[PDB]
Amino acid sequence: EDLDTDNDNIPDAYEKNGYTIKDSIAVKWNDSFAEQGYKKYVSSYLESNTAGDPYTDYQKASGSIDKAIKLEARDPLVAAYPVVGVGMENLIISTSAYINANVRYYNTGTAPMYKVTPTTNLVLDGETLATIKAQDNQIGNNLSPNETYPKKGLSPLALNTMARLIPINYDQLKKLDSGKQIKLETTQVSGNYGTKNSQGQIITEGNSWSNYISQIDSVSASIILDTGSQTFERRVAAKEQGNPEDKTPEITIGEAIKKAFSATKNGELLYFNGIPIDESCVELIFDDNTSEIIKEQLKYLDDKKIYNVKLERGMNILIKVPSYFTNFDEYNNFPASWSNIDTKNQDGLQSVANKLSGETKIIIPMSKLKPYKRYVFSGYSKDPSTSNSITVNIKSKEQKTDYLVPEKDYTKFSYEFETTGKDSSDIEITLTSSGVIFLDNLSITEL
Amino acid sequence: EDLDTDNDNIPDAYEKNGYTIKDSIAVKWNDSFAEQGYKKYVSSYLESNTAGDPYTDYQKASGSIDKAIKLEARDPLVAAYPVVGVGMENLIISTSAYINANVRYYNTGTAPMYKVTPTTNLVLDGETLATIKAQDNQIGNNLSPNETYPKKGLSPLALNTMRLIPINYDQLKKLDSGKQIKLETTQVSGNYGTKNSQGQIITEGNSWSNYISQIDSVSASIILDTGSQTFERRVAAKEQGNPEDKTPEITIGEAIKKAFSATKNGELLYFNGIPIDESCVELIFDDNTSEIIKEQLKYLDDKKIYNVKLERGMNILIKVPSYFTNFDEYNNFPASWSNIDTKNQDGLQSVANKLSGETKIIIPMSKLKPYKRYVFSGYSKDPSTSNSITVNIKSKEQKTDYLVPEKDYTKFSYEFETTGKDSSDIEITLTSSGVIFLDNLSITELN
Amino acid sequence: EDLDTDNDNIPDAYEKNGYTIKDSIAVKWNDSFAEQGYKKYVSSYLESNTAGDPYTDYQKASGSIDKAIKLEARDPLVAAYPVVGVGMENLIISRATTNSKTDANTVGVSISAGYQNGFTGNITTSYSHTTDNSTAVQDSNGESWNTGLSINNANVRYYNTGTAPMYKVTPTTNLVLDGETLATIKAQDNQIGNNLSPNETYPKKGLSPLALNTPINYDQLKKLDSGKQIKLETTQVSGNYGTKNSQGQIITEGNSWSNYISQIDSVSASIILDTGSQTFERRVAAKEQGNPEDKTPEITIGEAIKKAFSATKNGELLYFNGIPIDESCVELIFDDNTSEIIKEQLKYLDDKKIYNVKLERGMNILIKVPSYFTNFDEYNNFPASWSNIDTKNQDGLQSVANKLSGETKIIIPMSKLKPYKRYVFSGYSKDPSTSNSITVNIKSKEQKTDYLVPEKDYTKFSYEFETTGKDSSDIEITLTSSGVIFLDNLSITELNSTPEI
Ligand SMILES: [Ca+2]
Ligand SMILES: [Ca+2]
Ligand SMILES: [Ca+2]
Ligand SMILES: [Ca+2]
Ligand SMILES: [Ca+2]
Ligand SMILES: [Ca+2]
Ligand SMILES: [Ca+2]
Ligand SMILES: [Ca+2]
Ligand SMILES: [Ca+2]
């Protein structure tokens, strides 16, 4: 049928079910279009802007928007959102005294921000020295996603204007002189987005990103990915709970992540850029509310997988890709290889498990370990007969020794430890088992 | 009967009776729609903006406005009104001496306020020092309801702009004498968002200052502070003398339920699990509302505040008690009760405390705060009318008075003040002649 | 019947006889519409804006304007008009002050022992509207200002007394300093009120007063020492008004009030009501006598007051929130021209009542409500009871008079009155026998005894007494009589403030 309730050039029956854009004309989705590279889009048939961003569903599905906007935004349920933040490369104090800073702006969002002019705070501990806004010659004309200003290979811009900024008086900078440093925090940021007008030109003057930030933040759910070197932040739309007139489609965490980060699915495993981002491969950090709702929804589910929980608005997720990951199959980046390891099993998580040869103990130096920050040891444990006891002892700033009773099924344990001190000694980690235990997916991740 | 006198896409026959929004079309409300998740809306059929806010009846009912506006304000009677203030967190005084203050804007309304420009005052004791309006570097681009600027987790911004110029001696001597400084806002300048001719949200020529007087004048004020948070609401009310004013008439309890989106448990009203019912909360009225409620209760047999018609100009403050027990599942007093009686079948809600004799209860002040007043309230009933109810108060001032029991439950409230953290404990002893009935004994914080 | 000449969506016949709005359409007025609560509107059929205000007759009658504009402004004859002034609370060169709205209007009033044929009100040569303000310091103990400094910034708060809110208040004030102006300071950027509804202030009550900061010689210093009080008055105020938009929104940009002030003030007649604390000022449209094509309806002074102040017609006496504001229960103040007009029009009137005089363009009215007023019928706000009160009669001015046979005395504590304030003690006297005599005696800082001869019918007398000191001797009023005298409508009203050394 050709019924169009919201007048956005897609019929309602096509929005309720799948649809796709062919020759700039929305067509009903057929299962055979996946071979050609087409994608199945779904959206809300009562809304012209399903994700809250300035570009409608037909402008996002058909790619009729700015070409710098990433393809992850082309999904009508993923918002085109620029997440920008002022970095810091140098802090120059000029003595009475004067403050000079070399700042560089970053963008980890999905759409470019034009005329970037952030507002920043100069804080050292609690108190704020001054709030400074980039006035005229510290404004980024262009800032594409996953790009910086000034661009890579260019020196950071100076930031020294306000009369002028100096340390307050002689009775406060002693705090800095006693071994404390000033920090830079971005309270907000102002920019404009690009639209095509009647003449076909692109105008970014009357536009403003500060108009759609509240709407996008209140409609969608935040998801953040970390890959050690780079981080990405995305917003995925979700429907209200007690609202019958909210037609936003419901998706679980798995396909939400796949849509937000355009991860390619090789049947079951999910690779972002060659780095697996499956539930077991990585670790997820939640706040209180999201953890509570995920657990409550999960205790009804027999599958007991996080990636199978329906995504709801107001849910914050953080994904940290492990740095020291080994699955005894195809990768092991530990500087010191594991001892007493056998690769002859058939009950592994994906291909094969680890046949423990009694006691395994490895020593990892601090050459490849960042100091002064805690790390987490994570892995999978199970016992078909539960006839053995597993205890762990870790040599660190404090003597850490704990015991655990493995369950009959695949259970993922998480034990934390902090490596304080820059010039700390060689950290010793020990795991003790009564007998032979089949384990898999040992991971060490920086926090 | 498809007349539309006000021309706001809702037929007046649907506004006089109930109506609801289905597929962006207003339809006649049916009694069987409640279980599906819908709501019944009523509005004036002679105004297109019943509550005085910039959004019409159809836009508010159908949810076709900014998506950061709480559903709490999607009813045509609850005005979308951003209530914003400024609070200080610390003082930066340094040396003549110059004044620097760190502040953080707060929002308690039901609408987001773009480009917040507060105007504040510097007052120590009557004598106003200066009036400061946020000029350029301390203007909040976005301020969603129940949020701050800067957001939680960011250091406050510093207000040091015209720079502040107190006199060298007088203010410093006055402050050193044992005085403090006050930062109270008088007005505020902000915008609101409407989708323009081509669907782009614009907040440039849309001011909240054109609607403040109208919203204040066509409505009544209701406040709820839970101790941890505070909420500000305005609900439209009809003019008395005017026969051409068709605003629907609602009771106080229904007004509260509309204005805070509380869920009704048959008769009990819950905000987020915290009770709202008149017996479980303390209502603080001003003078005009007190006389209005008393006079209109003199004409009614129900003798319930929540069954009183709500009309223009009334101010209501609902102060959620901190220490409150109902002898069923609620107990938050600092010390354990004494001489309890949980066996009852004719209690106020489920059971009542059949206290025989007296009750020895103490209040450890460690769980109490100094320099603030308190009240203790409850329900007293004695069919025999032969027992004497007296209370002794141990505080900064000693007071003891008698009470007159009645056939039915009646609320009683006596004021007392506790000052000085380095002081002794506070004890109040409940004494009665014999078997007495008491329920919903509670203690509530006041100014 | 169906003709609309001025094109304001109201037919000529309805607008000439009388109309009312039902379901957002104008219908012919019928006397059966009264008990439902409706009101009878009548306006000019040649002008779409009869009152001079920005809103048309239909927009006023149907109430399709801001819901902050008073209901007494939705009458097509009463203008929606902001009267905004600035008052001074504290001044920096040291202690609090106090101000009065209707103060300059009452300084130049002379009250005689008796009145004339029919005429009741008083005459003032200086009729300054409620915007012009003078202060009155209180914390001063009589010592010189030089105590502490000996020399050889201020706190203010705008107020509105009109019938419409005014957005973006930018008032202009003079530092007059009692005769010698220094600077005409203006509210630049920090001292503009975003909005200021009627009967409200900026900053609103309960908030600290606004301060303007962005030079005093010994002349005005010794003047303040000698007894002079500082004055603050506003030359002009710049603001905006609210109207709808093509999109249905409210806009207040480009809509100035300064484009309608000269038009409104040249069409209307100003009326002021002061109830001791709350002060009001209304402009009511009036007809030009010369023009034969001027169709503004003619209303009397009583009708004008009832329409402007939305008083309640309980029987035949005007009531304002329960306070009788009838011409026999207050003291009306006129200027010279209005006094002449009223005096010449009273000669052609048999009733000889002020409130039955046709309203004429250019009139100035000031209604001063007595502080304590009793009529021996239902109203008595006097703090005490008059000695020898008689009420067994039907020959009062409204219901019953007082059979004054002997003497009647009242006690008035000084605390319940205000210090350094001039007062007027007035009432009605009559003796049908026309043979007895009446003498009155007061005790104050100066003791004055006055005598009068009653006439056959009711006539109004008035005597002047003053008060001094916050805590001092009280006030005693004695009405000595020889025979039988009828007294009614006795009251005392609060006039201007006398100065002190
Ligand atoms: Ca559609
Ligand atoms: Ca859509
Ligand atoms: Ca495996
Ligand atoms: Ca309608
Ligand atoms: Ca309506
Ligand atoms: Ca109970
Ligand atoms: Ca007409
Ligand atoms: Ca007309
Ligand atoms: Ca009388």
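Residues numbered from 1 in each chain as written, not as in the entry; some residues may be left out. Chains lettered and ligands numbered in written order. Part of a larger assembly, values for the part shown. Heavy atoms only, no water. Residues with missing side-chain atoms left out of burial classes, pairs and counts.

- Its PDB header attributes the entry to cryo-EM and lists the resolution as 3.32 Å.

### Some details on the coordination of the calcium ion (ligand 6)
Residues and elements named next belong to chain B.
Okay, so step 1: For the calcium ion (ligand 6), the protein coordination sphere consists of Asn326 (O), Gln349 (NE2), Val351 (O), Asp439 (OD) and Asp439 (OD), at 2.5 to 2.7 Å.
Okay, so step 2: Donor residues binding the calcium ion (ligand 6) come from one chain and are separated in sequence as N-x22-Q-x1-V-x87-D. Taken together, the residues span a long stretch of sequence, with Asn326 in the loop between β18 (323-324) and β19 (353-363) and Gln349 in the loop between β18 and β19 at a distance of 23 residues. (Donors = N, O, S within 2.8 Å, 3.2 Å for Na, K, Ca; no water. Helix = DSSP H or I, 4+ residues; strand = E, 2+ residues; numbered from the N terminus.)

### Some details on the interface of chain A and chain B
Okay, so step 1: With 40 residues of chain A at the contact, the number on the chain B side is 38 residues.
Okay, so step 2: It is strand β11 (residues 183-192) of chain A that contributes the most residues to the side of chain A that touches chain B, six residues altogether.
Okay, so step 3: In terms of residue class, the side of chain A that touches chain B is built from 13 nonpolar, 20 polar and seven charged. (Contact = heavy atoms within 4.5 Å. Nonpolar A, V, L, I, M, F, W, Y, C, P; charged D, E, K, R; others polar.)

### Some thoughts on the UniProt feature "binding site: Ca(2+) 1" (unreviewed entry) in chain B
All names here are of chain B.
Okay, so step 1: Mapped onto this structure's residue numbering, the UniProt feature "binding site: Ca(2+) 1" (unreviewed entry) falls at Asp4, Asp6, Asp8, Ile10, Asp12 and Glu15.
Okay, so step 2: Tracing the backbone shows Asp6 in the segment before α1 (12-16).
Okay, so step 3: Here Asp6 is in contact with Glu15, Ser44, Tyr45, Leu46, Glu47 and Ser48, once residues within four sequence places are set aside.
Okay, so step 4: Checked against the element boundaries, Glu15 lands in helix α1.
Okay, so step 5: Looking at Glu15, the relative accessible area reads 1%, which means it is buried.
Okay, so step 6: The contacts of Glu15, once residues within four sequence positions are left out, are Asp6, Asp8, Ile10, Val42, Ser43, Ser44, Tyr45 and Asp57. (UniProt positions renumbered as here; feature names shortened; annotations may be inferred. Buried < 20%, exposed > 50% of the residue type's maximum accessible area, 1.4 Å probe, protein only.)

### Some points on the sheet that holds strand β4 (residues 90-94) of chain A
Residues and elements named next belong to chain A.
Okay, so step 1: Across the sheet, three strands lie side by side as β4-β5-β10; this open sheet has antiparallel pairing. The open sheet has two edge strands with one neighbour each: β4 and β10 (157-159). This sheet shows a mean twist of 25 degrees between the axes of neighbouring strands, independent of strand direction.
Okay, so step 2: Sheet topology note: the β4/strand β5 (residues 98-103) ladder contains five bridges and is antiparallel. Directly across from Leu91, in β5, lies its bridge partner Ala101. (Pairing = 2+ DSSP bridges. Axes fitted to C-alpha atoms, helices over the stretch in contact; angles between N-to-C directions.)

### Here's the deal with the UniProt feature "binding site: Ca(2+) 2" (unreviewed entry) in chain C
Residues and elements named next belong to chain C.
Okay, so step 1: Following the UniProt record, one finds the feature "binding site: Ca(2+) 2" (unreviewed entry) at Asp6, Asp8, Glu15, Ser44, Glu47 and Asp57. Spatially, the listed residues are clustered: although they cover 52 residues, their C-alpha atoms lie within 10.8 Å of one another.
Okay, so step 2: Examined against the element boundaries, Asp6 turns out to sit in the segment before α1 (12-17).
Okay, so step 3: You can call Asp57 buried: its relative accessible area is 0%.

### Observations concerning the pattern of salt bridges
Okay, so step 1: Here the structure, examined in full by the defined rule, presents 27 salt bridges over all chains.
Okay, so step 2: Of the charged contacts, one joins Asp342(A) and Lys355(A) as a salt bridge, the two residues approaching to 3.2 Å between their closest N and O atoms. Taken as a pair, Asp342(A) in the loop between β20 (324-326) and β21 (354-355) and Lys355(A) in strand β21 lie far apart in primary sequence, 13 residues in all.
Okay, so step 3: Across the pair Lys368(C) and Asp274(C) runs a salt bridge, and its minimum N-O distance is 3.2 Å. Here the residue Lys368(C) occupies a position in strand β20 (residues 364-368), and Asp274(C) occupies one in strand β14 (residues 268-274), the gap between them amounting to 94 residues. Take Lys368(C) and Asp274(C): they sit in the same class, and that class is buried. (Salt bridge = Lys/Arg side-chain N within 4 Å of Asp/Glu carboxyl O.)

### Quick notes on a positive patch on the surface
Okay, so step 1: On the surface, a cluster of positive charge is contributed by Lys39(C), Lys40(C), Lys306(C) and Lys313(C).
Okay, so step 2: Among the secondary structure elements, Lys40(C) is positioned in the loop between β2 (25-28) and α2 (57-61). (Patch = residues over 30% accessible without salt bridge, like charges linked within 9 Å, V, L, I, M, F, W, Y side chains within 5 Å. Areas by Shrake-Rupley, 256 points an atom, 1.4 Å probe, with all protein chains shown as cover. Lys, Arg positive; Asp, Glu negative; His and termini not counted. Charge placed at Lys NZ, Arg CZ, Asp CG, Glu CD.)

### Topic: the UniProt feature "binding site: Ca(2+) 3" (unreviewed entry) in chain C
Residue and element names in this part refer to chain C.
Okay, so step 1: UniProt records the feature "binding site: Ca(2+) 3" (unreviewed entry) for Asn375, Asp377, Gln398, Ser399, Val400 and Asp488 in the present numbering. In three dimensions, the annotated residues from a span of 114 residues occupy one location, with a maximal C-alpha spread of 9.4 Å.
Okay, so step 2: The residue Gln398 is located in the loop between β21 (372-374) and β22 (402-404) in this model.
Okay, so step 3: In this structure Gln398 comes out as partly exposed when scored by relative accessible area, which is 29%.
Okay, so step 4: If we ignore the near neighbours within four places in the chain, the residues touching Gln398 are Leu317, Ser328, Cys329, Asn375, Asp377, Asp488 and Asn489.
Okay, so step 5: At 2.7 Å, the side chain of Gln398 and the side chain of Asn489 are in polar contact. (Polar contact = N/O pair within 3.5 Å; in protein donor to acceptor, adjacent residues only side chain to side chain.)

### As for the environment of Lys456(C)
Residues and elements named next belong to chain C.
Okay, so step 1: Its place among the elements puts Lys456 in the loop between β26 (449-452) and β27 (459-466).
Okay, so step 2: The spacing of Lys456 and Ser429 is 27 residues in sequence and 9.3 Å in space, taken between C-alpha atoms.
Okay, so step 3: Setting aside its immediate chain neighbours within four residues, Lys456 contacts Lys430, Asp431, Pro432 and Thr434.

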